[PDB]
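Novice: What follows is a single structure, and I will ask about it in a moment.
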Amino acid sequence: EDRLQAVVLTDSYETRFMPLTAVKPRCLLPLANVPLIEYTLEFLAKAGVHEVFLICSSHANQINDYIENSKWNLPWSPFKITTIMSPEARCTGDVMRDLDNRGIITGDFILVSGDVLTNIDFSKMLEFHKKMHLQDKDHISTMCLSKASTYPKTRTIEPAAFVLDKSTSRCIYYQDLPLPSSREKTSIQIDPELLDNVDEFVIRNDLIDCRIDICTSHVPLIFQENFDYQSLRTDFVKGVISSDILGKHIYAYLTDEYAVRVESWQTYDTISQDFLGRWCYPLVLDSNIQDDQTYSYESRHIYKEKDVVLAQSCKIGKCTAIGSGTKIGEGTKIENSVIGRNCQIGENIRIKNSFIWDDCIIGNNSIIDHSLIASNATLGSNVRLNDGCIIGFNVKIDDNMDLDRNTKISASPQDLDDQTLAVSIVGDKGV
Amino acid sequence: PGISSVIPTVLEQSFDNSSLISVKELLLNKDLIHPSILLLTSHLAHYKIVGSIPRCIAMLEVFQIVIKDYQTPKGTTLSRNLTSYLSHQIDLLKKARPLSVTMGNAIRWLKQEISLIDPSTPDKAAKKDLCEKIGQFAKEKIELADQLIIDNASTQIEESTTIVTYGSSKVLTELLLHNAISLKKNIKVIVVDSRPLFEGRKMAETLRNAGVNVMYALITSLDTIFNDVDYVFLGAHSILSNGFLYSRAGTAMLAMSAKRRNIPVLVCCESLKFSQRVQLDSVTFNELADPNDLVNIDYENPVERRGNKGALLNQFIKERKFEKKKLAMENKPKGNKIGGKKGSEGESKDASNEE
Amino acid sequence: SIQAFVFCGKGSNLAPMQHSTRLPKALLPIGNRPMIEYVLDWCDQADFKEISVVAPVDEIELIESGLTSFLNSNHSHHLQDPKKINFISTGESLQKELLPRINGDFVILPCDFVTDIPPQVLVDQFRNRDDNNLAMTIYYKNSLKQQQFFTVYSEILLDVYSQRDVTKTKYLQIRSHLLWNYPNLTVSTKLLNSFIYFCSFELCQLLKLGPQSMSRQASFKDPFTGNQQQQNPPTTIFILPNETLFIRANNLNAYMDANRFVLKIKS
Amino acid sequence: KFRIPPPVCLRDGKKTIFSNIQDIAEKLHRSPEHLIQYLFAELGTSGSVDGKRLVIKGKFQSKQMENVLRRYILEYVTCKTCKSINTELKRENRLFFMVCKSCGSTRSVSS
């Protein structure tokens with residue numbers, strides 16, 4: 001039951017975040033004024049990890065530096081970090097092959113794709129996995145699933161329809177549809193290979209992706225054997241179902257509580273909002289995980305760190321978090337928005353449902369609505385932004401600018417409009 | 001003939017005066033009853049939406065329907081067995097769920113109407129005029145009164161508001177909705193929920209259906225919710241001859257809390273809910289229900305978990321009892337919004353003698 | 001406002017008993033008792049005064065005689081024989097004919113019935129939820145092949161797919177517009193319809209305007225789907241049928257299920 | 001008869017999608033519209049022709065559709081006087097009458 005190794009699939013979903021991920025690594029970016037890797041690490045610790053393995057390729061030096069700086073580098077940790085360095089740009093099949101070539105895989109190894117933070121206890125899950133394994137010899141891997149918000153409507157990228165069994169908890173069909181975003185394909189297919197064996201057919205759609213996998217020693221060998229499987233969800237699970245190796249079982253764990261993986265921008269925002277509220281049961285910033293953190297809890301879901309300065313007569317709405325070393329002026333209306341560490345806010349600024357990253361200067365008499373500002377990118381005087389406007393690294397938005405809905409700004413100093421240099425595109429300036 | 005005896009769970013030592021038992025699933029009855037009354041009774045017994053205001057209206061509607069359907073026998077006159085029928089209906093209602101003050105008033109009105117027209121007139125001319133009259137009455141003393149109350153409230157509300165609300169009182173819902181839509185002020189609504197009936201939840205849902213900024217709380221969580229917040233509104237059932245607030249469950253405690261934390265409470269009431277019956281405690285006459293309401297373990301109404309509890313009769317010496325109607329203190333509420341615009345609760349029966 | 005229908009006919013599917021002109025399917029001694037006794041008992045339990053019974057061109061007085069002799073009810077029954085039915089349509093054509101006699105909501109119950117479940121609670125359910133059509137399903141024997149398809153949705157209890165496997169297409173056939181709405185659907189294989197039907201007022205107008213009904217099962221309840229385009233105007237709640245599951249033994253007789261009922265009885 | 005082409009169709013339903021039908025039209029020497037018409041006649045469907053691929057309303061399969069195809073290849077392709085492989089389509093005035101390439105005979109194409 002004890003002694004389990006962890007392999008984390010990092011630097012995999014780059015360019016998916018279309019403005020960012022060009023200069024700095026994907027996972028190093030802060031969720032709520034603190035890096036996303038840390039949460040994942042914490043989760044792993046909670047689960048039960050004895051050795052840490054990270055897959056790095058895109059900007060690996062920085063990752064290494066971070067690791068060196070991190071708390072787990074010191075001898076007190078039960079798990080040590082040793083990174084896998086590989087050639088640039090490859091699929092999860094190739095990575096698996098590489099891993100196999102090296103050879104550290106023992107027993108029930110943990111494979112996590114992307115970064116996930118959830119509240120559910122993992123020991124019970126592990127026990128379940130063990131018991132099910134003990135049933136039959138040819139058992140493969142575990143999948144994590146959670147109940148969705150009644151009806152699906154904000155899910156277009158990954159609205160997977162899971163046909164599941166109640167007695168065994170096993171997947172029957174996997175399908176992706178772009179139906180709510182673009183009405184072109186509205187169709188559901190059922191394969192007749194497993195109709196006269198299951199009987200209890202429950203067709204469901206409202207389930208959210210987690211992408212946390214508890215995997216047996218069979219998986220890397222399988223990957224080595226069948227080199228056609230580049231992905232792990234679309235081709236692999238389906239292959240398993242359609243009997244590639246005959247007489248084999250897979251798991252689909254069902255939980256009533258919240259569990260969602262990071263995937264896009266709106267989804268990320270939603271996750272952040274959830275974190276701000278009391279959705280996750282023990283996961284709160286006021287406990288202080290990174291040890292340098294000095295967060296404290298206040299009334300009406302408001303987070304305040306130490307050395308946070310806010311001026312008199314400023315009406316605040318609901319759910320606000322402020323990072324350390326902030327100086328905020330007078331006459332501000334703040335509603336459902338997070339302010340980063342050491343940020344300098346001017347005077348008379350109306351904010352609603354927005355997001356502000358580490359070290360950003362917000363200019364006097366500006367309105368920010370449902371838009372994101374990345375690290376070291378500054379806003380000037382009189383800037384009016386609309387819903388879902390992503391701003392990249394070190395973008396200097398100077399005096400007087402207006403940007404419409406869903407305008408994306410580049411991060412690296414290419415194809416998308418508005419650049420890192422002085423003034424965003426209303427008058428042509430840049431490289 | 002009906003059904004008698006056989007009651008679930010323990011009878012308890014304290015609070016034994018009113019009916020708490022009865023027909024839930026129908027078996028053998030008199031073959032003359034109009035089914036609409038039965039259906040209504042079935043609804044009322046297992047209702048989660050109604051709260052003082054709409055029940056009476058529903059009853060009135062039912063009565064109107066009955067009148068419309070009513071046919072005079074060839075032998076006997078219009079009023080001979082009609083009274084008996086009415087009595088039977090009343091008995092059925094009581095068996096299902098005890099009669100309210102509004103219902104009593106309605107009954108009285110009906111009786112008066114019956115007395116007014118003596119058996120001499122033909123069928124199709126009398127009831128044509130009766131139903132119209134009743135409709136007119138309904139239009140007058142209910143809807144118009146409600147509208148008036150709403151308008152009074154409109155002028156009474158100032159600038160920058162933060163309100164804590166409770167109940168499934170329709171008038172309050174109307175008020176809040178009005179605030180949200182047609183006034184366009186800076187209104188914040190905080191909702192309190194209760195265990196016997198999910199009224200708070202319903203209110204929240206209604207608010208959502210409009211698009212209002214909603215905080216959601218309970219009876220326990222009150223010490224932290226204040227720490228900016230000013231107004232407190234409650235829904236009344238009936239005001240007695242004493243002046244005390246004879247209303248639903250979790251109101252009195254809230255009022256007390258409000259009193260403690262500086263800012264007073266405002267309650268709304270109609271100009272027909274007033275009673276001549278004298279009582280100063282909840283022990284006198286109380287709406288008591290079956291302990292089936294306090295079985296579900298949090299979250300939602302339909303869940304059914306096999307946790308720790310699920311027995312009442314087999315348990316030796318165990319009393320699981322809950323109350324629905326309460327008597328709140330007189331001095332704690334300051335504002336009363338009735339048919340005569342504004343007034344104090346200490347007036348008691350100023351409208352009762354006025355009729 | 002309240003009325004009940006009793007459907008009577010003649011056997012054609014069964015192997016043996018029915019060939020004689022004197023003895024019809026309405027009066028059969030299964031175990032020293034008439035088959036229609038149960039229905040009468042049910043009706044008595046339900047408490048209703050106005051009940052109209054429909055009969056085909058064959059046997060005009062025998063049924064009446066049966067009703068009269070032996071049998072408790074003590075109600076006023078009315079029996080009619082229209083001369084348009086040719087057996088090849090069963091009751092739909094009767095329904096189409098008789099319309100001015102209907103005042104309100106009506107209960108449909110054929111002669112072929114075996115019941116043990118509580119009676120009034122179906123009626124009450126029909127009254128409460130306020131829907132157009134209601135049907136019931138009961139499991140096949142567990143004590144020691146393809147049959148017919150059913151689908152169930154529960155959180156409200158509704159029916160989605162009820163098409164039989166007589167002229168069955170080899171792969172599964174549904175609709176995604178009916179699947180995207182209501183995302184959760186459970187496939188039933190064991191359940192069978194037991195001829196229990198409840199209907200409302202808003203059905204009388206549609207029968208005269210557009211006749212489409214077949215076998216009282218194929219297209220009696222099947223036109224309900226308001227998806228994709230919608231061209232036919234509704235008469236003035238969405239047009240949806242309901243389905244409820246039961247545990248106790250109460251079943252239908254049509255095919256090779258006549259000798260099993262006797263076995264069930266004698267224990 | 002070996003003239004029956006393999007139908008490459010996935011059972012992703014709601015609307016019957018036949019992308020391989022062009023090949024069928026080609027091999028059997030047929031206009032695509034006639035097949036569609038036949039299908040319509042067989043079962044109550046409504047759709048439109050698209051250049052190669054079909055959008056036909058209904059969740060139709062690859063076995064009952066296959067059966068239909070087989071049927072259309074036993075009373076709408078085969079001859080009588082002489083059983084031959086090559087049969088071409090000609091619009092001959094409104095009702096369809098096809099001709100055989102081997103001999104040249106007018107056959108009834110309606111049932």
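Following the order of the structure tokens, chains are lettered A, B, ..., residues in each are numbered from 1, and ligands are numbered from 1.
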What's the 7 Å shell around segment 283-296 of chain B, counting only C-alpha atoms, without same-chain residues fewer than 4 positions away, as a short mmCIF file (atom, residue, chain, number, x, y, z; two decimals) with N, CA, C and O atoms, in the first residue's frame?
Specialist:
```
data_model
loop_
_atom_site.label_atom_id
_atom_site.label_comp_id
_atom_site.auth_asym_id
_atom_site.auth_seq_id
_atom_site.Cartn_x
_atom_site.Cartn_y
_atom_site.Cartn_z
N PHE B 15 -46.66 20.21 25.26
CA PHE B 15 -47.31 20.75 24.04
C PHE B 15 -48.25 19.75 23.37
O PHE B 15 -47.97 19.22 22.28
N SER B 18 -53.39 20.75 20.18
CA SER B 18 -53.84 20.83 18.79
C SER B 18 -53.54 19.55 18.01
O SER B 18 -52.68 18.75 18.42
N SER B 19 -54.25 19.36 16.89
CA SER B 19 -54.09 18.19 16.03
C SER B 19 -52.75 18.17 15.30
O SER B 19 -52.32 19.19 14.75
N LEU B 20 -52.11 17.01 15.31
CA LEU B 20 -50.78 16.82 14.69
C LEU B 20 -50.68 15.53 13.86
O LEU B 20 -49.63 15.24 13.27
N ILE B 21 -51.78 14.77 13.80
CA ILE B 21 -51.84 13.49 13.09
C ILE B 21 -51.81 13.72 11.57
O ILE B 21 -52.45 14.64 11.05
N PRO B 196 -38.28 23.42 8.67
CA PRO B 196 -39.58 22.79 8.33
C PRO B 196 -40.02 22.96 6.87
O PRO B 196 -40.51 22.00 6.26
N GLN B 279 -54.79 35.33 22.59
CA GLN B 279 -53.70 34.45 23.02
C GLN B 279 -52.36 35.20 23.10
O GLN B 279 -52.12 36.13 22.32
N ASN B 301 -34.06 18.35 -0.18
CA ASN B 301 -35.23 17.59 0.26
C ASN B 301 -35.24 16.11 -0.19
O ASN B 301 -35.40 15.23 0.66
N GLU B 304 -32.47 11.04 0.79
CA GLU B 304 -32.63 9.76 1.52
C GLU B 304 -31.32 9.00 1.80
O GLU B 304 -30.90 8.14 1.02
N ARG B 320 -39.25 13.80 19.51
CA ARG B 320 -38.80 14.64 18.39
C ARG B 320 -39.96 15.49 17.87
O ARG B 320 -40.74 15.04 17.01
N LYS B 321 -40.08 16.70 18.41
CA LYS B 321 -41.19 17.61 18.10
C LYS B 321 -40.69 18.97 17.61
O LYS B 321 -39.70 19.49 18.11
N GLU B 323 -42.22 23.00 15.96
CA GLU B 323 -43.33 23.95 15.87
C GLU B 323 -43.23 24.79 14.60
O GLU B 323 -42.13 25.15 14.18
N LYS B 324 -44.39 25.12 14.01
CA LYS B 324 -44.43 25.92 12.78
C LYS B 324 -44.86 27.37 12.98
O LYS B 324 -44.25 28.28 12.40
N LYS B 325 -45.90 27.59 13.79
CA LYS B 325 -46.40 28.93 14.09
C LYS B 325 -45.96 29.43 15.46
O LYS B 325 -46.08 28.72 16.46
#
```
Novice: Tell me, as a PyMOL selection string, which residues lie within 9 Å of residue 6 of chain D, counting only C-alpha atoms; anything in the same chain fewer than 2 positions away does not count.
Specialist: chain D and resi 4+8+20+24
Novice: Chain C residues within 8 Å of chain D, counting only C-alpha atoms: which ones, as a PyMOL selection string?
Specialist: chain C and resi 169-177
Novice: Compute the set of chain B residues within 9 Å of chain C, using only C-alpha atoms, and express it as a PyMOL selection string.
Specialist: chain B and resi 25-28+31+39+43
Novice: Using N, CA and C atoms, can you write the selected residues to a file as an mmCIF file, in the first residue's frame?
Specialist:
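Once written, again-v2.cif looks like this:
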```cif
data_model
loop_
_atom_site.group_PDB
_atom_site.id
_atom_site.type_symbol
_atom_site.label_atom_id
_atom_site.label_comp_id
_atom_site.auth_asym_id
_atom_site.auth_seq_id
_atom_site.Cartn_x
_atom_site.Cartn_y
_atom_site.Cartn_z
ATOM 1 N N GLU B 25 -52.905 8.779 2.296
ATOM 2 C CA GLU B 25 -53.314 7.936 1.175
ATOM 3 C C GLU B 25 -54.774 7.543 1.390
ATOM 4 N N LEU B 26 -55.624 7.919 0.434
ATOM 5 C CA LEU B 26 -57.082 7.792 0.559
ATOM 6 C C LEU B 26 -57.581 6.349 0.487
ATOM 7 N N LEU B 27 -58.463 6.001 1.426
ATOM 8 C CA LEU B 27 -59.097 4.682 1.494
ATOM 9 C C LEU B 27 -60.490 4.788 2.124
ATOM 10 N N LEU B 28 -61.513 4.549 1.295
ATOM 11 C CA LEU B 28 -62.946 4.567 1.665
ATOM 12 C C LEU B 28 -63.478 5.905 2.206
ATOM 13 N N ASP B 31 -69.471 9.005 -1.025
ATOM 14 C CA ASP B 31 -69.599 9.108 -2.484
ATOM 15 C C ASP B 31 -70.484 10.284 -2.922
ATOM 16 N N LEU B 39 -58.253 17.308 -3.602
ATOM 17 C CA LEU B 39 -56.984 17.600 -4.258
ATOM 18 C C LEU B 39 -56.274 18.743 -3.533
ATOM 19 N N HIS B 43 -52.709 18.745 -1.562
ATOM 20 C CA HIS B 43 -51.682 19.746 -1.834
ATOM 21 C C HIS B 43 -51.180 20.444 -0.555
#
```
Novice: Using DSSP assignments from the backbone, pull out every residue in segment 167-336 of chain B that falls under strand (DSSP E or B) and give it to me as a ChimeraX atom specification.
Specialist: /B:187-193,214-218,232-235,238-239,245-247,265-268,288,323,326-328,333-336
Novice: Mind dumping the selected residues with N, CA, C and O atoms as a compact mmCIF listing (two decimals), in the first residue's frame?
Specialist:
```txt
# COMPACT_ATOMS: atom_id res chain seq x y z
N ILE B 187 -29.83 47.91 -4.12
CA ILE B 187 -30.45 46.95 -3.19
C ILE B 187 -29.60 45.68 -3.07
O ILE B 187 -29.18 45.10 -4.07
N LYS B 188 -29.37 45.27 -1.82
CA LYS B 188 -28.71 44.00 -1.50
C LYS B 188 -29.64 43.14 -0.65
O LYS B 188 -30.19 43.62 0.35
N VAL B 189 -29.83 41.89 -1.07
CA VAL B 189 -30.77 40.98 -0.40
C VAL B 189 -30.01 39.81 0.24
O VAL B 189 -29.28 39.09 -0.44
N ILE B 190 -30.21 39.64 1.55
CA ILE B 190 -29.63 38.53 2.32
C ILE B 190 -30.78 37.64 2.80
O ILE B 190 -31.74 38.13 3.40
N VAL B 191 -30.68 36.34 2.53
CA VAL B 191 -31.79 35.40 2.77
C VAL B 191 -31.50 34.44 3.94
O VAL B 191 -30.38 33.93 4.07
N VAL B 192 -32.51 34.22 4.78
CA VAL B 192 -32.45 33.27 5.90
C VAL B 192 -33.41 32.10 5.63
O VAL B 192 -34.57 32.31 5.27
N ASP B 193 -32.90 30.88 5.81
CA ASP B 193 -33.66 29.65 5.54
C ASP B 193 -34.04 28.91 6.83
O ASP B 193 -33.36 29.02 7.85
N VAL B 214 -27.21 38.29 -4.24
CA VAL B 214 -27.78 37.52 -3.13
C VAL B 214 -26.72 36.88 -2.23
O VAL B 214 -25.85 36.14 -2.71
N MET B 215 -26.80 37.20 -0.94
CA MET B 215 -26.13 36.45 0.12
C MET B 215 -27.14 35.47 0.72
O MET B 215 -28.32 35.80 0.88
N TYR B 216 -26.67 34.26 1.04
CA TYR B 216 -27.53 33.20 1.56
C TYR B 216 -27.02 32.68 2.90
O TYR B 216 -25.88 32.20 3.01
N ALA B 217 -27.87 32.78 3.92
CA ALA B 217 -27.53 32.42 5.30
C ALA B 217 -28.63 31.61 5.99
O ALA B 217 -29.68 31.33 5.40
N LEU B 218 -28.37 31.22 7.24
CA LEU B 218 -29.31 30.43 8.05
C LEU B 218 -29.58 31.08 9.42
O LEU B 218 -29.11 32.19 9.69
N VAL B 232 -34.33 45.23 8.17
CA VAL B 232 -34.79 43.85 8.39
C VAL B 232 -36.30 43.79 8.13
O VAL B 232 -37.07 44.57 8.69
N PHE B 233 -36.70 42.85 7.26
CA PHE B 233 -38.10 42.65 6.90
C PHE B 233 -38.60 41.24 7.19
O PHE B 233 -37.89 40.26 6.95
N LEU B 234 -39.83 41.16 7.70
CA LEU B 234 -40.47 39.89 8.06
C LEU B 234 -41.87 39.76 7.46
O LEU B 234 -42.50 40.76 7.09
N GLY B 235 -42.35 38.52 7.35
CA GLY B 235 -43.69 38.21 6.84
C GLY B 235 -44.62 37.72 7.93
O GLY B 235 -44.35 36.70 8.58
N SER B 238 -50.90 36.75 10.99
CA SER B 238 -52.06 37.41 11.59
C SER B 238 -51.68 38.19 12.86
O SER B 238 -50.79 37.77 13.61
N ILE B 239 -52.36 39.31 13.08
CA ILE B 239 -52.21 40.10 14.31
C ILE B 239 -53.47 39.94 15.17
O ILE B 239 -54.60 40.13 14.68
N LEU B 245 -47.33 39.59 17.48
CA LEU B 245 -47.12 39.04 16.14
C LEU B 245 -47.24 37.51 16.13
O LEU B 245 -46.31 36.80 16.51
N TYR B 246 -48.41 37.03 15.69
CA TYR B 246 -48.67 35.59 15.56
C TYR B 246 -48.34 35.16 14.12
O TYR B 246 -49.20 35.18 13.24
N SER B 247 -47.09 34.77 13.91
CA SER B 247 -46.56 34.45 12.58
C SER B 247 -45.89 33.07 12.52
O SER B 247 -46.07 32.24 13.42
N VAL B 265 -36.95 46.53 13.25
CA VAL B 265 -37.55 45.64 12.24
C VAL B 265 -38.85 46.22 11.68
O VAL B 265 -39.58 46.92 12.39
N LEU B 266 -39.13 45.92 10.41
CA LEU B 266 -40.40 46.28 9.76
C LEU B 266 -41.14 45.06 9.21
O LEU B 266 -40.54 44.22 8.52
N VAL B 267 -42.43 44.96 9.52
CA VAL B 267 -43.28 43.82 9.14
C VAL B 267 -44.49 44.31 8.33
O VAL B 267 -45.04 45.38 8.61
N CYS B 268 -44.90 43.52 7.34
CA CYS B 268 -46.06 43.82 6.49
C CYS B 268 -47.26 42.92 6.79
O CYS B 268 -47.10 41.73 7.07
N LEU B 288 -48.90 22.12 14.38
CA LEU B 288 -47.98 21.01 14.62
C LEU B 288 -48.12 19.96 13.53
O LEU B 288 -49.23 19.53 13.20
N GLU B 323 -42.22 23.00 15.96
CA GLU B 323 -43.33 23.95 15.87
C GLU B 323 -43.23 24.79 14.60
O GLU B 323 -42.13 25.15 14.18
N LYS B 326 -45.45 30.66 15.49
CA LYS B 326 -44.87 31.25 16.71
C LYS B 326 -45.54 32.57 17.09
O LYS B 326 -46.21 33.21 16.26
N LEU B 327 -45.36 32.97 18.35
CA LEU B 327 -45.83 34.25 18.85
C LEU B 327 -44.65 35.14 19.25
O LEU B 327 -44.00 34.91 20.27
N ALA B 328 -44.38 36.14 18.40
CA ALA B 328 -43.30 37.10 18.61
C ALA B 328 -43.72 38.23 19.56
O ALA B 328 -44.91 38.54 19.66
N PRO B 333 -41.09 44.72 16.88
CA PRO B 333 -41.37 45.36 15.59
C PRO B 333 -41.95 46.76 15.78
O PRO B 333 -42.83 46.97 16.62
N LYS B 334 -41.44 47.71 14.99
CA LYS B 334 -41.86 49.11 15.06
C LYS B 334 -42.78 49.52 13.91
O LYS B 334 -43.75 50.26 14.11
N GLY B 335 -42.46 49.04 12.70
CA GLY B 335 -43.20 49.40 11.49
C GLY B 335 -44.19 48.35 11.03
O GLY B 335 -43.84 47.17 10.91
N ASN B 336 -45.42 48.78 10.79
CA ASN B 336 -46.47 47.94 10.22
C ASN B 336 -47.13 48.59 9.01
O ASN B 336 -47.70 49.69 9.11
```
Novice: Using only C-alpha atoms, pick whichever of A:171, A:95, A:188, A:18 has the shortest atom-to-atom distance to chain D.
Specialist: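 Going through A:171, A:95, A:188, A:18 one by one, the smallest distance to chain D is for A:188.
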Novice: Considering only C-alpha atoms, state which residue in the set A:269, A:298, A:404, A:11 is at the smallest distance from residue 356 of chain A.
Specialist: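 Checking each candidate against residue 356 of chain A, we get A:269 as the closest.
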Novice: Could you work out which residues of chain B fall inside 9 Å of chain A? Count only C-alpha atoms, and format the result as a PDB file with C-alpha atoms, in the first residue's frame.
Specialist:
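For reference, out28.pdb as written:
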```pdb
ATOM      1  CA  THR B 224     -20.706  37.159  11.620  1.00  0.00           C
ATOM      2  CA  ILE B 225     -23.176  38.332   8.917  1.00  0.00           C
ATOM      3  CA  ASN B 227     -19.736  42.484  10.400  1.00  0.00           C
TER       4      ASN B 227
END
```
Novice: Can you pull out every residue within 10 Å of residue 1 of chain A, counting only C-alpha atoms, but drop anything in the same chain fewer than 3 positions away, and send it as a count of residues only?
Specialist: 8
Novice: Write out as a list in words each polymer residue whose atoms come within 9 Å of residue 45 of chain D, counting only C-alpha atoms; drop sequence neighbours fewer than 3 positions from it.
Specialist: residues 39, 40, 41, 42, 56, 57 and 58 of chain D
Novice: Could you save the residues just selected, with N, CA, C and O atoms, as a tab-separated table (two decimals), in the first residue's frame?
Specialist:
```
chain	number	residue	atom	x	y	z
D	39	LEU	N	-34.56	6.03	-51.37
D	39	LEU	CA	-34.48	6.04	-49.91
D	39	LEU	C	-35.71	6.72	-49.31
D	39	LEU	O	-36.32	6.21	-48.37
D	40	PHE	N	-36.06	7.87	-49.89
D	40	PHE	CA	-37.21	8.66	-49.48
D	40	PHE	C	-38.49	7.82	-49.58
D	40	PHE	O	-39.31	7.78	-48.64
D	41	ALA	N	-38.62	7.14	-50.71
D	41	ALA	CA	-39.76	6.28	-51.00
D	41	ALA	C	-39.88	5.18	-49.94
D	41	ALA	O	-40.97	4.92	-49.43
D	42	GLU	N	-38.73	4.57	-49.62
D	42	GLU	CA	-38.64	3.53	-48.60
D	42	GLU	C	-39.09	4.01	-47.21
D	42	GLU	O	-39.95	3.37	-46.59
D	56	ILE	N	-29.24	13.54	-44.46
D	56	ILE	CA	-30.61	13.01	-44.43
D	56	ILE	C	-31.07	12.92	-42.98
D	56	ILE	O	-30.36	12.39	-42.13
D	57	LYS	N	-32.26	13.45	-42.70
D	57	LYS	CA	-32.81	13.47	-41.33
D	57	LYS	C	-33.26	12.09	-40.87
D	57	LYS	O	-34.03	11.41	-41.55
D	58	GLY	N	-32.74	11.68	-39.71
D	58	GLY	CA	-32.99	10.35	-39.15
D	58	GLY	C	-31.72	9.67	-38.69
D	58	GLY	O	-30.66	9.84	-39.31
```
Novice: Distance atom CA of residue 103 of chain A-atom CA of residue 10 of chain A, one decimal place?
Specialist: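 These two atoms are separated by 19.0 Å.
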